[PDB]
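# Observations on the three-dimensional arrangement
For reference, the chains in residue letters:
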Number of protein chains: 2
Amino acid sequence: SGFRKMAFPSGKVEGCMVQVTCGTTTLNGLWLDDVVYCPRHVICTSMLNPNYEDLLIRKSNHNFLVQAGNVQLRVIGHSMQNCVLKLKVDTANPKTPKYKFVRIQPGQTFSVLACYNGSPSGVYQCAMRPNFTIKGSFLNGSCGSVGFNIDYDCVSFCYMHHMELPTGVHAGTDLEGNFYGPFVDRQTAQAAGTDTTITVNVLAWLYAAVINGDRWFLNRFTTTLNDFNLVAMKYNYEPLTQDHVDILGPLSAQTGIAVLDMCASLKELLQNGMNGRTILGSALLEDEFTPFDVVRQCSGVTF
Amino acid sequence: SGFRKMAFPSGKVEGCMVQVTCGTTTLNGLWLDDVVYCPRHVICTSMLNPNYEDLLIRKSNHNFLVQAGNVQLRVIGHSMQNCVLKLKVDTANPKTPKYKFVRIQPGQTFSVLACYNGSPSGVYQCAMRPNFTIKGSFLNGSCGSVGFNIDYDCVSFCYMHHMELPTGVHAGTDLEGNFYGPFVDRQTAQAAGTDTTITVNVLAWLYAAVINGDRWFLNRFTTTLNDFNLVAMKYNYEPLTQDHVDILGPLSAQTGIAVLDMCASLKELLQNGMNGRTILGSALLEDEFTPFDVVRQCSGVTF
Ligand SMILES: O=c1[nH]cc(-c2cc(-c3cc(Cl)cc(OCCC(F)(F)F)c3)c(=O)n(-c3cccnc3)c2)c(=O)[nH]1
Ligand SMILES: O=c1[nH]cc(-c2cc(-c3cc(Cl)cc(OCCC(F)(F)F)c3)c(=O)n(-c3cccnc3)c2)c(=O)[nH]1
């Protein structure tokens, strides 16, 4: 029993984190096989309208200092792919895990290994918000920290950290260096779009609550998908789709509560609040657990 | 910016987790140097009044199957210390970190690496509640999972998981096998004592909120320690001590808000609620961050 914001074990990623210095700028990089991936804004000084092709043309391999733990790695090549810098090094990472690069959809969750000067600091879970930001915990020097999922023993990297927006939320790229969202890696007026709540995740979390013995919010009613989405839109919730309903199938089956039955509970909670009760220790509706996250944690899968 | 329930990177612990089988009972063990530590109830069948000295007298080394990843470890000795079984094995763990065993005080936090069949599943943060339980996330097979902190590169183990209580909370021991709280490792009528909120942690978390730009709960008032503890007791909060005030010193200094000034904020929040506002994304007062946790995460320390 119990339900917690659970990250994946981070050891496989910790062995990949290095420090990348270029001039006076230091940040983190990801060392897989003989390549080190890091944000390209490492080659910047100050930055309002940087021309990165020019900035990189003016660099040489010896302008890049890469340290893995205590050993310095020799850079033997450098190139840029979108907003990521790729530094070829002379030695392949002996700790390289089985891995893949993936570009996730909004509403999906991942583990973040926050790092400073190439040294892991902590691990936490978060979600790609519908507005393509993440509500992380990042200080100066955290750029290059990665987000990931782990299936079987394969690490799927899905996020590298680049920037903190003025509202305190965070922007980054997939590991091919494509930003999530409309953002660009320069100092300009940038702001996240309006955000919405991830409906399918809230429902998943209600199922986890039921699985853990919180039932007070259940009712006998049912709603139509169309009637529910009318209420969703009113409270700034993402529309619920038949894909979402099918994804919730196994949780619906394990609890015996039909998805559209749970939607009637969610409607009431949106309309009437919680009246001083809590769900899974929260006074607010939680939306950073996917259906997969719930099944994993209430079923016990390992990696 | 940002504030998240952050666990320590778990790699150093992942390399220590093994599976320990005795008959039909399988659980996790912790492999440090040439010893494997696990809950002694692994040698039980069913268990209401087990006599563990007798149960262990009847065992031999070959009744214990220890698997580390894919390799089976040869048990060459066995003994019991309090509620922990210690199995001497023929091979010292080559991945043993620098480590220590520590017995923590209630209100202190730690990272939990949940494991099944010796394989890490996830990592999360929690606190030793004042009633010596933890609100973890554990399923059958999780016994033997450990809780830990990491300072510099030294892993301080402070919890091994033994049991789930009927209320869904969790009971365990230090790594010397002494239970936290009044619990015993047998099937009987056991229930946690009444719990209280960790006042010093709530104040620490209010400081983190201020550090991250949430100020709406601040006021111009101040309170006496005595007057505050009168309100604390009313709302089932632990008394605040001068030790607690001194521990909050650095957060008080960094924000310029005196501790007793923050206590007046907390008093108002206890009396008047939040009136539909949130702090650090929470509608409830959070009490599982220590002052040290706040400083670490709002200052950027690594391990
Ligand atoms: O030496 C070092 N110098 C600099 C950094 C650094 C650099 C940026 C950065 C980079 C770019 Cl290209 C654009 C940018 O714009 C702001 C957002 C908006 F522009 F979109 F509005 C910001 C940055 O956000 N952080 C940072 C701080 C706190 C949390 N998370 C990231 C750090 C470093 O880590 N080390
Ligand atoms: O093969 C396996 N058999 C058994 C287990 C197992 C065994 C116990 C256990 C052990 C003892 Cl000694 C006493 C006990 O009493 C209950 C609490 C109270 F008694 F204090 F009220 C319970 C246990 O709680 N869990 C468990 C489940 C879910 C979450 N966390 C722990 C598992 C196993 O993991 N594998």
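Preceding this paragraph is the structure being described.
Here's a quick rundown of the structure.

### Regarding the overall build of chain A
- Across its full length, chain A holds eight helices and 13 strands.
- A compact globule built from 303 residues would reach a C-alpha radius of gyration of about 19 Å, and chain A, at 22 Å, matches this within 12%.
- Dimensions of chain A along its principal axes, counting C-alpha atoms only, are 70 × 40 × 30 Å.

### A closer look at the side chain of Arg4 of chain B
- One can find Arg4 of chain B in the segment before helix 1 (11-14).
- Residues in contact with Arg4 of chain B, not counting those within four places in the same chain, are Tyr124, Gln125, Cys126, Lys135, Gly136, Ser137 and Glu288 of chain A together with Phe289 and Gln297 of chain B.

### A word on the relation of the copies chain A and chain B
- Mapping chain A onto chain B leaves a residual RMSD of 0.0 Å; the transformation is a rotation of 180° accompanied by 0.0 Å of translation along its axis. With respect to symmetry, the two chain copies, as superposed, fit the operation of a two-fold axis. Proximity to the rotation axis, assessed at the C-alpha, singles out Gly11 of chain A in chain A; its C-alpha lies 1.7 Å from the axis.

### So, the environment of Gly168 of chain B
All names here are of chain B.
- By the element assignment, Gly168 lies in the loop between strand 12 (154-164) and strand 13 (170-173).
- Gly168 sits in the buried class, given a relative accessible area of 18%.
- Residues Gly168 and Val295 lie 127 residues apart in sequence; the distance between their C-alpha atoms is 31 Å.

### Here we look at the sheet that holds strand 1 (residues 17-22) of chain B
All names here are of chain B.
- With antiparallel pairing, the seven strands of this open sheet are ordered in space as 5-4-1-2-3-7-6. Of all the strands in the sheet, the pair left with one neighbour each is strand 5 (71-73) and strand 6 (75-81). Averaged over all neighbouring strand pairs, the angle between strand axes comes to 30°, with direction disregarded.
- Both strand 1 and strand 2 (residues 25-32) contribute to a ladder of six bridges, which runs antiparallel. Note that in strand 2 the partner of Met17 across the bridge is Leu30.

### Focus: the packing of helix 3 (residues 199-211) of chain B against helix 8 (residues 291-299) of chain B
All names here are of chain B.
- Here helix 3 crosses helix 8 at 20°, and the two axes come no closer than 8 Å. Our classification of the angle between helix 3 and helix 8 gives roughly parallel. In the packing of helix 3 onto helix 8, the handedness of the crossing is right-handed. Together, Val200, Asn201, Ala204, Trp205, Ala208 and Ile211 of helix 3 and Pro291, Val294 and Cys298 of helix 8 make up the contact between the two elements.

### A look at helix 4 (residues 225-234) of chain B
Residue and element names in this part refer to chain B.
- Of the residues making up helix 4, those classed as buried are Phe228, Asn229, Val231 and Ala232. Looking straight down helix 4, one finds that the buried residues subtend no more than 160° of arc, so they occupy a single side. When the buried face of helix 4 is taken as reference, the exposed residues oriented beyond 90 degrees from it are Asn226, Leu230, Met233 and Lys234.
- At its buried positions, helix 4 is contacted by helix 3 and helix 7 (259-272).
- Among the residues trailing helix 4, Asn236 stands out with phi positive, at a value near 65°.

### Thoughts on the interface of chain A and chain B
- Between chain A and chain B, the residue contacts involve 43 residues of the former and 43 residues of the latter.
- With eight residues, the top contributor of residues to the side of chain A that touches chain B is strand 10 (residues 119-127) of chain A.
- Its residues assigned to classes, the side of chain A that touches chain B shows 18 nonpolar, 18 polar and seven charged.

### Some words on the side chain of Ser282 of chain A
- Take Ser282 of chain A: it is sitting in the loop between helix 7 (259-272) and helix 8 (291-299).
- Judged by its relative accessible area of 13%, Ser282 of chain A falls in the buried class.

### Quick notes on a positive patch on the surface
- The grouping of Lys12 and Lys95 of chain A together with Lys12 and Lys95 of chain B at the surface amounts to a positive patch.
- Examined against the element boundaries, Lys95 of chain B turns out to sit in the loop between strand 7 (84-89) and strand 8 (98-101).

### Overview of the site of ligand 2
Residues and elements named next belong to chain B.
- Lining the immediate surroundings of ligand 2 are 21 residues, of which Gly141, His161, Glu164, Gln187 and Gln190 lie closest.
- Contact between ligand 2 and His161: a nitrogen atom at 2.9 Å from a side-chain N or O atom of the residue.
- Interatomic distance of 3.0 Å between a side-chain N/O atom of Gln187 and an oxygen atom of ligand 2.
- Burial of ligand 2 by the protein amounts to 84% of the accessible area it has alone, namely 720 Å².
- Put simply, the parts of the chain that give the shell around ligand 2 at least two residues each are strand 2 and strand 12.
- Looking at the shell around ligand 2, the element that brings in the most residues is strand 12, giving four residues.
- Residues of the shell around ligand 2, tallied by class, amount to seven nonpolar, eleven polar and three charged.

### Considerations on the nonpolar core
- Of all hydrophobic cores here, the largest spans 42 residues; its most connected members are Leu30 and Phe157 of chain A together with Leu30 and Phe157 of chain B.
- Those residues in contact with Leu30 of chain B that lie beyond four places of it in its chain are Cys16, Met17, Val35, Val36, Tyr37, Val146, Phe157, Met160 and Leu175 of chain B.
- Among the nonpolar cores identified, the runner-up in size contains 35 residues, and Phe3, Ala232, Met262 and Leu270 of chain A belong to it.

### Looking at the pairing of strand 12 of chain B
Residues and elements named next belong to chain B.
- The buried fraction of strand 12 is high, at ten of eleven residues.
- When strand 11 (residues 146-151) meets strand 12, the two strands line up antiparallel, connected through six bridges. Each bridged residue has a counterpart across the sheet, and for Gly147 the counterpart in strand 12 is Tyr159.
- Hairpin remark: strand 11 followed by strand 12, antiparallel, with two residues in the connecting loop; positive phi at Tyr152, about 55°.

Calculation criteria
Residues numbered from 1 in each chain as written, not as in the entry; some residues may be left out. Chains lettered and ligands numbered in written order. Heavy atoms only, no water. Residues with missing side-chain atoms left out of burial classes, pairs and counts. Helix = DSSP H or I, 4+ residues; strand = E, 2+ residues; numbered from the N terminus. Rg over C-alpha atoms; globule rule 2.2 N^0.38 Å. Contact = heavy atoms within 4.5 Å. Least-squares fit on C-alpha atoms. Buried < 20%, exposed > 50% of the residue type's maximum accessible area, 1.4 Å probe, protein only. Pairing = 2+ DSSP bridges. Axes fitted to C-alpha atoms, helices over the stretch in contact; angles between N-to-C directions. Parallel < 35°, antiparallel > 145°, perpendicular 65-115°, else oblique. Left-handed = near helix turned anticlockwise from the far one by under 90°. Arc of directions from axis to C-beta. Nonpolar A, V, L, I, M, F, W, Y, C, P; charged D, E, K, R; others polar. Patch = residues over 30% accessible without salt bridge, like charges linked within 9 Å, V, L, I, M, F, W, Y side chains within 5 Å. Areas by Shrake-Rupley, 256 points an atom, 1.4 Å probe, with all protein chains shown as cover. Salt bridge = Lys/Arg side-chain N within 4 Å of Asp/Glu carboxyl O. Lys, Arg positive; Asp, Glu negative; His and termini not counted. Charge placed at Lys NZ, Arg CZ, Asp CG, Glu CD. Near = heavy atom within 4 Å. Polar contact = N/O pair within 3.5 Å; in protein donor to acceptor, adjacent residues only side chain to side chain. Core = buried A, V, L, I, M, F, W, Y, C linked by side-chain atoms within 4.5 Å.

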